[PDB]
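See structure below.
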Amino acid sequence: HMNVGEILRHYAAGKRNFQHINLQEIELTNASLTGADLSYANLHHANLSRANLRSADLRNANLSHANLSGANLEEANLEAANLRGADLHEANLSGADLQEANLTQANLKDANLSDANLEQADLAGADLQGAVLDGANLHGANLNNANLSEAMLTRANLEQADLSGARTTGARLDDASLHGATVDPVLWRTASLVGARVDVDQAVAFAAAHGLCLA
């Protein structure tokens, strides 16, 4: 286990390789750790509020129940990271690699996930209310019971994603790629879908969700 003073000093000296390090419960509010290699680090229940982690390597890091509120994670590598129950509200994750990341139960309210890679990410039960996911890749992502209320998913790739139980009141799915996704009928009636790309099965489902039958 390394403490605050240690890591700040090391970072200030130009050290960047902190891979595998145990930093459980650490208080690093307002800390700047841009470009740090924290791959495989244990940051369970850490306070990283307003931390600058721009371009950090956090691949496979344990960030479960961590406070990342307002953190900068632009272009960060978070592939396969454990973010379950983490607070990411208002974080900037623009262009971040979150593929295969575990975001179950995460608070992503008002988060910026623009152009982020969320391929195969597990976001089940996560709260994305008012979040921004413009141009993001959610191919094969799990959005079971997620809150997408007023989320912007414009031009996002939702191919093969699972939106079963997701709240989509006010959600904006304009130009999103929906091919192969799993959705509830209520999505068709709640999301904006101008330009949204769909399969024939889905087109039929959109119609059925508007009351049309079929003989």
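Lettering and numbering for the structure tokens are positional, with chains as A, B, ... in the shown order, residues counted from 1 in each chain, and ligands counted from 1 in the shown order.
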
**OP:** Determine, counting only C-alpha atoms, which protein, DNA and RNA residues have an atom within 10 Å of an atom of residue 194 of chain A; residues of the same chain fewer than 3 positions away are not included. Present the result as a ChimeraX atom specification.
**Re:** /A:154,172-176,191,197

Export of prior selection with N, CA, C and O atoms as an mmCIF file, in the first residue's frame:
data_model
loop_
_atom_site.group_PDB
_atom_site.id
_atom_site.type_symbol
_atom_site.label_atom_id
_atom_site.label_comp_id
_atom_site.auth_asym_id
_atom_site.auth_seq_id
_atom_site.Cartn_x
_atom_site.Cartn_y
_atom_site.Cartn_z
ATOM 1 N N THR A 154 -26.998 9.855 -29.735
ATOM 2 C CA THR A 154 -27.055 10.197 -31.128
ATOM 3 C C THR A 154 -25.839 9.671 -31.822
ATOM 4 O O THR A 154 -24.732 9.740 -31.309
ATOM 5 N N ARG A 172 -32.490 10.130 -26.618
ATOM 6 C CA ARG A 172 -32.321 10.605 -27.990
ATOM 7 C C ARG A 172 -31.392 9.747 -28.737
ATOM 8 O O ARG A 172 -30.221 9.715 -28.467
ATOM 9 N N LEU A 173 -31.988 8.992 -29.657
ATOM 10 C CA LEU A 173 -31.320 7.929 -30.402
ATOM 11 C C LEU A 173 -31.230 8.224 -31.877
ATOM 12 O O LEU A 173 -31.116 7.327 -32.710
ATOM 13 N N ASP A 174 -31.211 9.503 -32.205
ATOM 14 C CA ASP A 174 -31.185 9.899 -33.578
ATOM 15 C C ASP A 174 -29.927 9.416 -34.256
ATOM 16 O O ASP A 174 -28.901 9.527 -33.666
ATOM 17 N N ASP A 175 -30.036 8.823 -35.437
ATOM 18 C CA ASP A 175 -28.930 8.253 -36.206
ATOM 19 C C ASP A 175 -28.170 7.143 -35.559
ATOM 20 O O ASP A 175 -27.105 6.770 -36.022
ATOM 21 N N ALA A 176 -28.683 6.587 -34.473
ATOM 22 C CA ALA A 176 -27.999 5.461 -33.788
ATOM 23 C C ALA A 176 -28.137 4.201 -34.614
ATOM 24 O O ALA A 176 -29.123 4.069 -35.351
ATOM 25 N N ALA A 191 -38.134 6.844 -27.285
ATOM 26 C CA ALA A 191 -36.873 7.402 -27.816
ATOM 27 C C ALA A 191 -37.095 8.173 -29.053
ATOM 28 O O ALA A 191 -37.978 7.765 -29.861
ATOM 29 N N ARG A 197 -30.885 3.417 -37.484
ATOM 30 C CA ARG A 197 -30.835 2.316 -38.434
ATOM 31 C C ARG A 197 -31.407 1.028 -37.810
ATOM 32 O O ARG A 197 -30.936 0.629 -36.745
#

Enumerate the residues of segment 8-194 of chain A with a DSSP assignment of strand (DSSP E or B), computed from the backbone, and present them as a PDB file with C-alpha atoms, in the first residue's frame.
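Ended up saving to out.pdb:
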ATOM      1  CA  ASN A  17       4.740   3.135 -13.873  1.00  0.00           C
ATOM      2  CA  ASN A  22      -2.556  -1.162  -4.015  1.00  0.00           C
ATOM      3  CA  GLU A  27      -7.882  10.244  -1.008  1.00  0.00           C
ATOM      4  CA  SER A  32      -3.341  15.047 -11.449  1.00  0.00           C
ATOM      5  CA  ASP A  37       0.202   3.564 -15.867  1.00  0.00           C
ATOM      6  CA  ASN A  42      -6.427  -1.644  -6.654  1.00  0.00           C
ATOM      7  CA  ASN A  47     -11.797   9.116  -3.678  1.00  0.00           C
ATOM      8  CA  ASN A  52      -7.121  14.439 -13.794  1.00  0.00           C
ATOM      9  CA  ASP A  57      -3.725   3.407 -18.306  1.00  0.00           C
ATOM     10  CA  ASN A  62     -10.212  -2.274  -9.556  1.00  0.00           C
ATOM     11  CA  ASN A  67     -15.666   8.166  -6.290  1.00  0.00           C
ATOM     12  CA  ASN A  72     -11.105  13.669 -16.337  1.00  0.00           C
ATOM     13  CA  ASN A  77      -7.618   2.998 -21.120  1.00  0.00           C
ATOM     14  CA  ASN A  82     -14.016  -2.981 -12.534  1.00  0.00           C
ATOM     15  CA  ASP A  87     -19.679   7.278  -8.853  1.00  0.00           C
ATOM     16  CA  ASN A  92     -15.336  13.352 -18.837  1.00  0.00           C
ATOM     17  CA  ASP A  97     -11.541   2.771 -24.041  1.00  0.00           C
ATOM     18  CA  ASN A 102     -17.837  -3.609 -15.603  1.00  0.00           C
ATOM     19  CA  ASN A 107     -23.647   6.366 -11.506  1.00  0.00           C
ATOM     20  CA  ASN A 112     -19.537  12.605 -21.083  1.00  0.00           C
ATOM     21  CA  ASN A 117     -15.558   2.548 -26.689  1.00  0.00           C
ATOM     22  CA  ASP A 122     -21.628  -4.371 -18.689  1.00  0.00           C
ATOM     23  CA  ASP A 127     -27.769   5.356 -14.217  1.00  0.00           C
ATOM     24  CA  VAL A 132     -23.798  12.133 -23.381  1.00  0.00           C
ATOM     25  CA  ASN A 137     -19.583   2.379 -29.429  1.00  0.00           C
ATOM     26  CA  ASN A 142     -25.389  -4.775 -21.697  1.00  0.00           C
ATOM     27  CA  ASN A 147     -31.572   4.502 -16.820  1.00  0.00           C
ATOM     28  CA  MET A 152     -28.053  11.407 -25.732  1.00  0.00           C
ATOM     29  CA  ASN A 157     -23.546   2.161 -32.178  1.00  0.00           C
ATOM     30  CA  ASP A 162     -29.334  -5.380 -24.771  1.00  0.00           C
ATOM     31  CA  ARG A 167     -35.698   3.599 -19.161  1.00  0.00           C
ATOM     32  CA  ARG A 172     -32.321  10.605 -27.990  1.00  0.00           C
ATOM     33  CA  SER A 177     -27.260   2.067 -35.221  1.00  0.00           C
ATOM     34  CA  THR A 182     -32.658  -6.183 -28.018  1.00  0.00           C
ATOM     35  CA  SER A 192     -36.293   9.822 -30.656  1.00  0.00           C
TER      36      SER A 192
END

Original post:
Within 12 Å of residue 203 of chain A, counting only C-alpha atoms, which residues qualify if same-chain residues fewer than 3 places away don't, as a list in words?
Top reply: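 Contacts, in chain order: residues 178, 179, 180, 183, 185, 188, 193, 196, 197, 198, 199, 200, 206, 207, 208, 209, 210 and 212 of chain A.
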
Original post:
Nearest to residue 40 of chain A: which of A:23, A:71, A:28, A:8 is it, counting only C-alpha atoms?
Top reply: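 The closest residue to residue 40 of chain A is A:23.
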
**OP:** Have a look at A:214, A:58, A:68, A:31 and name the one nearest to residue 98 of chain A; count only C-alpha atoms.
**Re:**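 Among A:214, A:58, A:68, A:31, it is A:58 that comes nearest to residue 98 of chain A.
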
**OP:** With a distance cut-off of 12 Å and only C-alpha atoms, select the neighbouring residues of residue 14 of chain A, excluding the residue or stretch itself and same-chain residues fewer than 6 positions from it, and output the selection as an MDAnalysis selection string.
**Re:** chainID A and resid 7:8 33:37

Subject >> helix (DSSP H, G or I) per DSSP on the backbone: members of segment 4-139 of chain A, as a ChimeraX atom specification >> reply: /A:4-12

Export N, CA and C atoms of the chosen residues as an mmCIF file, in the first residue's frame?
data_model
loop_
_atom_site.group_PDB
_atom_site.id
_atom_site.type_symbol
_atom_site.label_atom_id
_atom_site.label_comp_id
_atom_site.auth_asym_id
_atom_site.auth_seq_id
_atom_site.Cartn_x
_atom_site.Cartn_y
_atom_site.Cartn_z
ATOM 1 N N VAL A 4 -0.703 8.902 -0.238
ATOM 2 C CA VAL A 4 -0.846 10.090 -1.076
ATOM 3 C C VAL A 4 0.495 10.784 -1.337
ATOM 4 N N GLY A 5 1.229 11.069 -0.269
ATOM 5 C CA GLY A 5 2.451 11.835 -0.379
ATOM 6 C C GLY A 5 3.425 11.123 -1.286
ATOM 7 N N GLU A 6 3.470 9.801 -1.158
ATOM 8 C CA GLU A 6 4.413 8.987 -1.915
ATOM 9 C C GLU A 6 4.143 9.087 -3.381
ATOM 10 N N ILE A 7 2.897 8.843 -3.733
ATOM 11 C CA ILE A 7 2.579 8.789 -5.133
ATOM 12 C C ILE A 7 2.708 10.159 -5.790
ATOM 13 N N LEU A 8 2.345 11.228 -5.088
ATOM 14 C CA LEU A 8 2.483 12.563 -5.648
ATOM 15 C C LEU A 8 3.903 12.895 -5.898
ATOM 16 N N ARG A 9 4.761 12.477 -4.981
ATOM 17 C CA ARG A 9 6.184 12.768 -5.116
ATOM 18 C C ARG A 9 6.712 12.006 -6.316
ATOM 19 N N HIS A 10 6.336 10.745 -6.428
ATOM 20 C CA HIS A 10 6.834 9.907 -7.514
ATOM 21 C C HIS A 10 6.388 10.433 -8.859
ATOM 22 N N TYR A 11 5.124 10.817 -8.926
ATOM 23 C CA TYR A 11 4.565 11.367 -10.166
ATOM 24 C C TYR A 11 5.279 12.681 -10.521
ATOM 25 N N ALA A 12 5.494 13.522 -9.512
ATOM 26 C CA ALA A 12 6.164 14.793 -9.719
ATOM 27 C C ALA A 12 7.603 14.592 -10.235
#

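Taking atom CA of residue 115 of chain A and atom CA of residue 74 of chain A as the two end points, the separation is 10.2 Å.
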
Subject >> Of the listed residues A:205, A:136, A:166, A:13, that which approaches residue 124 of chain A most closely, counting only C-alpha atoms >> reply: A:166

Original post:
Which residue gives the smallest distance to residue 105 of chain A among A:146, A:76, A:91, A:81, with only C-alpha atoms counted?
Top reply: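 Between A:146, A:76, A:91, A:81, the residue approaching residue 105 of chain A most closely is A:146.
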
Original post:
Between A:88, A:141, A:46, A:51, which is the closest to residue 29 of chain A once you count only C-alpha atoms?
Top reply: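 Looking only at the distances to residue 29 of chain A, the closest residue turns out to be A:51.
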
Original post:
So how far away is atom CA of residue 120 of chain A from atom CA of residue 21 of chain A, in Å?
Top reply: 26.4 Å

**OP:** Enter the distance from atom CA of residue 149 of chain A to atom CA of residue 93 of chain A, in Å, rounded to one decimal.
**Re:**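 These two atoms are separated by 18.9 Å.
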
**OP:** Identify, on the basis of only C-alpha atoms, every residue whose closest approach to residue 65 of chain A does not exceed 6 Å; exclude the query and any residue fewer than 3 positions from it along the same chain; express the result as a list in words.
**Re:**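 Non-adjacent residues within range: residues 45, 85 and 86 of chain A.
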